[PDB]
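Within every chain, numbering begins at 1; the chains are lettered A, B, ... in the order of the sequence lines, protein sequences first and strands thereafter.
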Amino acid sequence: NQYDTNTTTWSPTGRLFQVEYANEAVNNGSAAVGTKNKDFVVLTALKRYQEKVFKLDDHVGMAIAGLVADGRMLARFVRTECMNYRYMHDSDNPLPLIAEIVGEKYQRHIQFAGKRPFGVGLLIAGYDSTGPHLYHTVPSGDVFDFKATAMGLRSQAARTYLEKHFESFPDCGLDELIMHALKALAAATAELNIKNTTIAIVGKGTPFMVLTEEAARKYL
Amino acid sequence: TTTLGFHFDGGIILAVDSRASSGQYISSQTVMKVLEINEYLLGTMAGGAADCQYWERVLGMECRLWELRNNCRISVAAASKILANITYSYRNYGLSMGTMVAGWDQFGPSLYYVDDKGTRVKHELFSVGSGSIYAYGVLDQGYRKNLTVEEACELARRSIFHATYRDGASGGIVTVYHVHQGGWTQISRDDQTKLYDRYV
Amino acid sequence: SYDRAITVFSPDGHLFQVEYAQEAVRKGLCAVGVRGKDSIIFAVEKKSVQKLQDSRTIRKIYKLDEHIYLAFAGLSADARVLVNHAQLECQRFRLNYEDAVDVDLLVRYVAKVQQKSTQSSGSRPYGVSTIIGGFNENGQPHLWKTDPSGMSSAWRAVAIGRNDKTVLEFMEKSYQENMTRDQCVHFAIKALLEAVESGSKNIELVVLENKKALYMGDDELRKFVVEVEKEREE
Amino acid sequence: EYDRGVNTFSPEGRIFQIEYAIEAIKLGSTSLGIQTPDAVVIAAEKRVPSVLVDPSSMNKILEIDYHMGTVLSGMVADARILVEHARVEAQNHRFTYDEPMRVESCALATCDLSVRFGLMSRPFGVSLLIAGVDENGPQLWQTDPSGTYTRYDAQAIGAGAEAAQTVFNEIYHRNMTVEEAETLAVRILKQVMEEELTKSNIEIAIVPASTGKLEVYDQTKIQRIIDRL
Amino acid sequence: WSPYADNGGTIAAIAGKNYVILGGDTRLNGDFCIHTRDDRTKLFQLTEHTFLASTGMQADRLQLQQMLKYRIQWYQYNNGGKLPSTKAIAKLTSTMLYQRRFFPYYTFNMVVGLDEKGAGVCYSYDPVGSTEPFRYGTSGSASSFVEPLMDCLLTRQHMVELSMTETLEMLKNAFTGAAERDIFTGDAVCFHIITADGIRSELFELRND
Amino acid sequence: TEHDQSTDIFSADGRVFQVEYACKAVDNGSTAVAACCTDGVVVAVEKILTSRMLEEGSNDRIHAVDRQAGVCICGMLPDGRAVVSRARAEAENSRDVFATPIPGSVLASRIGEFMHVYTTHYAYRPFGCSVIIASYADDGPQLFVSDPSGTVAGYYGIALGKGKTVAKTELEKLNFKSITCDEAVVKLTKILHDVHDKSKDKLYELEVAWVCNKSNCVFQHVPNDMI
Amino acid sequence: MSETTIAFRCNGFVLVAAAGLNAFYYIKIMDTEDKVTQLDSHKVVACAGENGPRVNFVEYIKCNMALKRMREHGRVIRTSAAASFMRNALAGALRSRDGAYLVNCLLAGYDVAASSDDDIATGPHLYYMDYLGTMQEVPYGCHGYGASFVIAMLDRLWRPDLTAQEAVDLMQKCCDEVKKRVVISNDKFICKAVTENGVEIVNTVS
Amino acid sequence: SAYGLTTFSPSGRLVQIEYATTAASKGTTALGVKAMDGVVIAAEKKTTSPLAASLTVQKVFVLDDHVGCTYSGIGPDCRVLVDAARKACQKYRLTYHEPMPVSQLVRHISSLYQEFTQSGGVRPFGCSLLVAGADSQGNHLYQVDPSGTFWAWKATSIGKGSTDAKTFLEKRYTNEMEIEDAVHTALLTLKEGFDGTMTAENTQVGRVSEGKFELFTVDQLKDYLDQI
Amino acid sequence: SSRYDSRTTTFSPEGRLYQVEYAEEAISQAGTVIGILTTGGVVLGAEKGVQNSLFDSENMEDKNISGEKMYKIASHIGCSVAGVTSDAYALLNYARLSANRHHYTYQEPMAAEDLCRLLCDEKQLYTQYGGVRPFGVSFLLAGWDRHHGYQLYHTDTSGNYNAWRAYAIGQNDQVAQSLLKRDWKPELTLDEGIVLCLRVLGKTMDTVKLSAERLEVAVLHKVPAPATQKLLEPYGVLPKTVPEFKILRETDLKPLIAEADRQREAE
C-alpha cells in the first residue's frame, strides 16, 4: 500500500490511512466506560497498577485508552489550560471549551509531517454551570458528546449493554449509575474488584475524585 | 555580623554570632550563619542572608552531583571555585556575600574566603563582617599554629564575644564548629550575655 | 538546516548506522594499550614505510593534557574532531574547578559525545574507537576504551581496529600483573606483530609515565623489535 | 529502514520505532528486582567481554540518590543519559522542597524524557528498574521505551526475562524475607546465565525499609549467598 | 508612578505543641484613605495544615498566593496526589522569592502550619526569602511594637506552656494595642487556629478610627 | 504513479491529485444545502449519527464565526474546525484593526487563501472539507463555498456531499428573487429528507441555521420548533 | 594602585616584582599573595588589581596558551605573541557587555629557539600593558601608586649591562622606596627572574 | 527541504551540473570580441511571434557604468545573477569609491553559481554568462559557466551555434583589431549561424570603449548593419 | 520530499562514505599536480589544459598571487589544487581568511600544519553534518615556519592530511610517484628540484620536448629580508631571510627547460 506511511498523504478514495491506524491504538487499550445522569458523571476503567484515570482540575478528569505517554501529554496540556483559565477568571474552565481545544490539538498532529498522531482516546468527564458532560476524543480529532459510551478492547460489548439501559440513566441515583457503569465494564471481560477496577465521579457538590479501595468496596 | 575562621594543627575553627540587623531594628537573634553544606564542608554567611543561603545551597547541590558522577568527594579547592565562579559571573548584579569555605580533603585543611565580586583567597586566618574589625584584634593576640583544640575553641569564642560586646550589629549566640579529618563537629553554642559573666 | 533522522532502529533492535561505524573501526589500523605498574604503553601500526612519507611523520597518538593520551582506530578525520573536543574539555575543567581533570571523567565526556552522535538528528555517528590512558594525582594508572555506541570500559590491556579479536586472544594468555616499563613495551610490540607484517618503521609508541611522556625514537624502537623478532623464532 | 519514518504507526496501532527498541532490550544482559515487605532487592548479570576488563567499570547498578538505585538493561550508553536526568531531577527536588524525591515521581520524570523523539532521532533502547524506599515502603518500578512506567512486586528484564517469569509464578509469594529474595535472585541468575556463576560475575543491591539507604554488596557478601545454595 | 504601594496592616502568629494561631487585620489602606475595612487577602490557605500570611503591597501578595497555589497543584499531580508538608512549602516559597531577586515582591510573608510531628511552626521571610522556623512571628505596620511584647511574654528573658485559649487571648490583646497606636492597623482581625482536626476561624473587632 | 503522493507536484497533465483525493472525502461526506434569500441566508445540514447515545449538539457542523457570519463544514469535521478558527481570527482582525464587521466576500476570500496554502507545500496536506460561508454584513446576504483547492465561488443556492446531484435538481425549482428565510427553512428541510438514504444511514438529525432580518442579522441555529 | 608592580629587562634576564598585599578597604587581609603568575616555562605576568578580575584574566590566558601548545606539539609561543594575545583580550573586553578587566599587567618572557630552522632573535622581552589594551615594549615599567618613584629611580640607575647581583640590589632598593613613600603599605614583595633556563624565585628580595 | 540535490556519482561526475551545462548550451547564440581598445558582446533576440514586442526583450545588460553582460540558456536564471552582480558593484563603490574591477565581479558571480551546486534544496543556474568591462587593468571578456568556472577570453561564443562561431573567430581574430572592426566581426559572426534575416530588432549589441559600457540603440545598430 | 533525499552523510553497509569515495575519484581525473621538498624550498608543478589561441590573461597588477593552479594563501604558504575548481576557490578563501585571522590575533605567521588542520576540519564537517555533498578537492600545501622548516602537505577529500617529501595528485599519479620515488634524494638544490619536477611532468603528459606553455611552476623559498624600518618601529626585529611564494615566469624556466631536455636525451 503506497498511501499509508505518512499523515500528509490522502489515498485515492479519500481516506487517511495513518490516521485509522493511530485509531487502532485505542481499540487495543483496556476498556473504559463512562455514563451520566442529571447531576453526575461516572468513569470506570479496567486496569490491565497502571494509571488510566487522571484529574485535570477541581471539576474535570479523564480516562485514557492506548498509548499512555500520549495520555500524559494531553493531561499536562489540559491541566495547564484549566489553571490558566482559573487564574484569569476565578471560575472553572467551561467544559465545551476544553473539548474544542483538545480536538484542535489532535487535528494539528494529523496534518503536518513534523507531527505524529496521538494514539490515545479520552473520555473526559466534568461538571460546570451547564451540568454534567461526557466527551469522547479520538485521534482523528473528532469529539463526541455522549450520554454513555465505552472505548478500548472488547468495548463493543460494554457498548451493547449501555444501549439497552441509558434511557433510564436520567432518573437514576448516583448508586445505580455507578452500578450500570460496572455491569457495562464487566461486559468487556477475571472479574472486577478493588485492585483492578477504577471508579471516578464528578458532579454537583462533587469535585472530581477517584474512589479509594474503601469507598469502592461498597460497589464492588 | 561577625564570623571568623582559622587553621591550626588540629584543623579549622569557625565561629559566628546570630544577629540579623537591618541597621537599627533587630529582626533575629537566632540565625544559623554556619551552613552545613554537607558533612565534610562548611560555609559561613556574612552580608546578605538570602544571597548566602541560596548560593550555598546551590553549591551543595553541585558538590552532591559531583560525588554521584565521579564516585568521590570534591576537594575544597574546587568547592570554593564553583562558588567563586558564580559570584564572579554575578559581579555586576549587586549580590552581597562574604563567605568562608572550609574542609579537610586529601591535601589537608583548607580555608577559603570568597566574596560577591569573585575574590577567592586561601589563607590561614580570616574574619568577615561588620564586627571583623574587633575580632581581629583579639584573634591576632592569641593565635598560633600549635593551639590545642580546647585552647582554639576558647580563642575563637572569646574573639566573637569581644566583637558582640562592641559592634552594634553583632550579638546573640556564639557558635563554634571544628573541621577535623573525619568531617565536622558543632562544638558549642553560648549566649554572649552568659559569656560576659564568664570573662569578667 | 538538515534535521533528518539518520540513526534509527530497524526490525530486531539494530541501529545500523552504529554497526557500520563499528565496521569502519574494524578496517582501521591496529592500536594497543597495556597497563603496567606505573606506565601505560600505547602502540599503533602506521600505514606502510615509504621513501617519500616524511621521516618526522604525523603523530596518531594525541596528548589531551599533561597526563592523558589517546590513540584511536577508524576514520582518522573523525578522530581529530573528537580529540579537539577533548582538549577543549580538559581546559574548560581547569577553568571551572582549578584542579586537573581525572582520566575517568574525561572518558565519560568523550563517550557521551559519541553517544549523542547516535541520537542527534542531522548527523551520523563518529566512526572511531579510542584508547585513553592516564594517571590520577595519586599516581595510579588507568586505561579506557570507547566505542562508537558511546560505551566506555576500563582494561588491563586492549586492542582495537583490524585483527582486534586475534591480538586480544594473544593478550588474554600472556598478560601479567605489575609489568615493568620495559616489559610493557616488549609485550605491546609482541602483541602488535600478530596482526602486522614487519616491525621496522610501521609502529609508533608512547610510554606514558607519571610526570613524563615519550614518543619513542627510531633507535630505541628498532632495539625492541629485534629483541622481539628473535623471540618469535622459538 | 528509511522507507518509513520515525513517527509511522503500524496497522495495529504500534509505533515501529518503539517496537524495535523493545526488541533491543531483550538482547540485553539480565537484571531483576524483588520486593519483600522489609526491603527491595536488585541484581544483574555483568557479562564482561574478557578477563582483561576491570569489572568495577561495567556496573549495571547505579545510585540515583541515597534512597534509590537503578539497574539498567539494553543499551548501556543510552542508560547513562537517563540515569543522569534522574540524578538531576532528584537533586532539584531536594533543592526546591528540602526532602527526598518519591520513587514514583522519579520513574515518572525518566519516562517523560523517553518519548521526546521525532529533538532526538529515535527512542532510548533501554529499560530501567528503579528501586527505593520513601514513605510508602520499599518500591520497585520499571520504565520502558514506550514511556510506560509501572510498579512491580518482582520483575526481570533482558535475555533471561521469560524464563525468570516462570521461576516467579512459582516461588514468588508476597510475604518472603530478605534472605529468601537474596537467594531467589541468585537462583534465577544461575539458571538463565550462559557462564558459570561467580562472585565477580554478578552485582546485588538492597534498599531496606529499616534504614532507607541503598547498599551495594561486596564480593565477600555475595560469596555467602552462592554458599547458601 | 511607582510599581509599589504599601497597603498597610499587620499579621501575627504563635505556635504551641499541637496548634498554631494566625491573625491578620482587615483594613486595606490607600494614600491618605481607606479602600475598605473588610479585606481578607492577607491570610491564604494552601493545604489543610499550611497558611500563607502576608503584608505590604496587596497586589503582590495576590500574585504570590496564586503562583504558590499552582506550584502546589503541580506537586500533587507529580507526586501521586500527596500534598507537600509545611517544611516543604516554606522551602518552596523562599526559593521562589529569591528568584525575583531583581524585581522583588513587595511582601513580608509568613508560612505557618503544623510540622510532621504535629507541632506548630512559623517561617518569617524577608522580601527575597531568608527565613528560619520560629515559635512566633509578626510583620507589617505594627510589628515593631507587637514583637517585643511577644518576646517579653513568651520568652521572659528579663524575669526571675500555654493553652490554645491563653494564646488566643494574648494575640487578641496584642492586636487591640496595635490598633490603638498604629494608624494603619484596625477594623477587625481574622484568626485561624490550626490543629490536626482542622481549622477554626473567628473574627474579632478592633477600633474603627 | 509516484506523482500522487505529495501535493507539491504537478502530474504530467497539469493536475494536482492530492487535491483531487481530498475533494473525494467531501463528496462521500453528508449532504448540506443552502439558499441566499431576500432577507438573509439559510443553511441546512444532515448529521449522520454514529450512535443513539449522543447528546444533542454533538458533532455540530455549523459554527458562528462572527456576530453576523457562520460556516457549515461538509467533509471531514476536525479539518473543518481548523478552518473555523482561522475564520474567527479573520473576523476578529477586521473588527480590531479596521473597525468593521468583515464583509462576506472578504471573509470567503481569506478562507480560500488559507485552504490554498495547504495545497502547495510538501510538508502539509489539503483539507478534507468544503466550507459554506453565510454572511449578512454591510454588503447584504452572501453565500460562498470554499473547497479543498481553495477555489471560492458565490452562489444563490448550493448542495454538497453524497446527495448533491439530486439536491441540486430540487434547488433549481426554487425562485431566488422572491423566497424568504421562513419559506426556505421549510423547503431545504424537505430536500434533505428526500435525498436521505435509509438503507445505509439509519440514524440522522438535521441541523439548520440562519442569518436574516428576523434574527436582527445575528447568525444562529434556528429555534428547534420549526422543522 | 594599592598594589605596586615592578619590572625591568637587562641583557640576559628580566626581574619582576609585586607587592604581596590583599586588603578589604582599610583592613589588611594578608600580605603574601603571589601576584607574579607563571604562564609557561619562560614567561611570567605580574598583574595589579582586584583578586577577581586578576585571577579570571590570567587563568583565561593560561588555558588558551596551554591549548595552543597541544595543538602544536608543545611548541613554545613567542613572548610577542603572548602579549598580542593578551592585548586583544583586554581590548575586546573593553567594548563587551560585561566590560573591561580592571587589571594592569607586565608581561616578561625570554624567547628561546624552537628548532634549528628557527631564526628567532633569542633574549628577554618586557611588555607594559594596561586595562584598556595599551601595550608597549619597554626596558622597564611599573604599575600602582609606587610606580612614579620607581620609574624615576630606574631612569637614574638602570643600565642594560647590570649583572644578576646588581639587578637584585636595584630591585631591592626600588621596593624599599615604595615602602618609604607610599602610604598604602606594600610591606612584602615577591620577586621572580626570567632567564634562558626559566622562571626562578628570588629569595633575597623582600 | 534542506538536502543537497547535486551529488557525486560513482565515476566522480556531478551530473546535475552537466545537465545545467547542457541547458546553457541549448540557448540562443551569444558571442564576444575583445579589441585593443574596447570589447563588444552581441546576441540573437528572436521572438516566437510578431505579436511579441521586440523592443522590450533584453539580452545584453548593463551591470554598472563600466561593465555589462549577456547570457545563454535560461533567461529567468540569468535575472538572478544580473541582480546579484548589480548589487555587488554598488556595494564596492560604497566601500572604495571606485568601480569594482571586472575580475572581482566575475569571482563574485562564480561563487554565487558555486553556492547553488552545494547548498541544500536547490538546483544549479542553467545559464552561462559573458561579462565585458573596463577597469584600471584595461578591457576584459570573461565567460562563466554553471559549474562556477570562469575563463578570460580574447573572443568566444556560447549557445547552440557556438562551435562554428568559435571556429569562424579563430580565423578572423587579430591582436590589433580596432573597436569598430571588432563590432564588424561580431556582427559578421552572428550573421553566419543566424536563421532568417538579421535586423536591428532581433539582435542586440553592447560595447565597452573609453572605460564605459553601453548598449547600442536600435538606430545606432542599423548604421553598422547596412555597412556589412 | 524526504524520499528524494540522497543521504550524503549516512554510512553505508561496510563503514564507507560513498560520497567521500566518489569525490576522490573526481580528483584522480584532474590535471596532474606535483610537489617536491628540497633543501632550499618547496616546488609545486602542475600540468595545464590545452592552449587555445583565443585565451587571454586577466592582466593582474601582481603576478605572484595566482596562476591557473598555484595560489598564495599567505607569504609563507602556497598551494596547488586538483579537482572541482569552484570548490577549490571556496576553500582557498576559507584558508586565506583563517591565516589572516591568526596574524590578527597573535601577530605572527600561522604554522603550516595548524593551517592545514583548519582546512581539513572544514572538509570533515560536510562529511558528518548537513545533508549536502562534500568538497571535491585535494590540496598540496607548501609551507615554511620556524617550528618545522619547509613542509609539504597533502589533503584529501576525507579531511585527512599527511606530510611528504614528494607527491603527486591527479591523472597519472601512480606513474608520477614511481618516478619521484626513484629520483628524489635529501640533498637537492631548488634548481634541481625544479628540473626533477619538469621531467616528471614531461613523462606524464607524454611529450619529448617540454612545452613551456603547458607547465606552471611555483616555489616557496626564502629571500633576503627587505628594509629594516628601525625608526617607525624601534622594537621591530626581522630575520635575515623571509619566505616568499613565487610563480616562475617563462624567462626563469628557459635555462631549466633546457636542463630537463639534456637529461631527456642523455637517457
* Structure fact -> The interface call for I:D87 against chain H, heavy-atom contacts under 4.5 Å, is both
* Proximal component of I:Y89, with respect to chain H [non-hydrogen, under 4.5 Å] -> side chain
* Interface moiety of I:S57 toward chain H, non-hydrogen atoms closer than 4.5 Å -> backbone
* Counting only heavy atoms closer than 4.5 Å, note whether H:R107 contacts chain I via side chain, backbone, both or neither. => side chain
* Structure fact -> Greatest number of non-hydrogen atom pairs under 4.5 angstrom with chain I, of H:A152, H:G148, H:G4, falls to H:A152
* **Contacting region of H:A2 [heavy-atom separation from chain I under 4.5 Å]** => backbone
* Which answer fits I:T8, side chain, backbone, both or neither, if we ask what part of it has an atom under 4.5 Å from a heavy atom of chain H? -> side chain
* I:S86, I:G131, I:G83, I:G130: which one forms the most heavy-atom pairs within less than 4.5 Å of chain H? -> I:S86
* Structure fact -> If one checks every heavy atom of H:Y142 against chain I at 4.5 Å, the contacting part turns out to be side chain
* Asked: What option among H:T117, H:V102, H:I17 has the most heavy-atom pairs under 4.5 Å with chain I?
  -> H:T117
* Contact class of H:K166 relative to chain I, heavy atoms under 4.5 angstrom -> backbone
* **Between H:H140 and H:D135, a side-chain donor and acceptor under 3.5 Å** => yes
* To do: Determine, step by step, whether H:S1 and I:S1 satisfy the side-chain hydrogen bond (donor to acceptor under 3.5 Å, both in side chains) criterion, reporting the C-alpha distance in whole Å, the side-chain angles of both residues, the deciding distance to 0.1 Å, and the verdict.
  => CA-CA 7 Å; H:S1 269; I:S1 226; 2.9 Å; yes
* Taking the six-membered ring for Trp, are I:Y167 and I:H154 parallel (under 30°), tilted (30 to 60°) or perpendicular (over 60°)? -> tilted
* Asked: Hey, does the side chain of I:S138 reach the backbone of I:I27 with a donor-acceptor pair shorter than 3.5 angstrom?
  -> no
* Under the 3.5 angstrom rule, does the side chain of I:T204 hit a backbone N or O of I:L201 as a donor-acceptor pair? -> yes
* Could you tell me which of H:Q118, H:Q137, H:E115, H:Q114 has the largest number of non-hydrogen atom pairs under 4.5 Å with chain I? => H:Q118
* To do: Might you work through the side-chain hydrogen bond (donor to acceptor under 3.5 Å, both in side chains) test for I:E25 and I:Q29, ending with a clear yes or no?
  => CA-CA 7 Å; I:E25 265 169 278; I:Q29 296 287 295; over 6 Å; no
* Is the I:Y126 ring parallel, tilted or perpendicular to the I:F135 ring (thresholds 30°, 60°)? -> tilted
* Measure distances from I:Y18 to the heavy atoms of chain H and classify the residue's part below 4.5 Å as side chain, backbone, both or neither. => neither
* Taking 4.0 angstrom as the limit, do H:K59 and H:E44 come out as a salt bridge? -> no
* To do: Would you mind checking which part of I:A90 comes under 4.5 Å of any heavy atom in chain H, side chain (CB onward), backbone (N, CA, C, O), both or neither?
  => side chain
* **Top contributor to chain I contacts, counting heavy-atom pairs under 4.5 Å, from H:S147, H:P10, H:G121** => H:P10
* **Residue selection (most heavy-atom pairs with chain I, distance under 4.5 Å) from H:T156, H:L141, H:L14** => H:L14
* Asked: Taking H:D64 as the fixed residue, which of H:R93, H:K91, H:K212, H:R86 is the one that meets the salt bridge (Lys or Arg N to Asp or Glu O under 4.0 Å) rule?
  -> H:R93
* Exercise: identify the closest heavy-atom pair between H:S110 and H:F150 -> OG-CD2, 3.4 Å
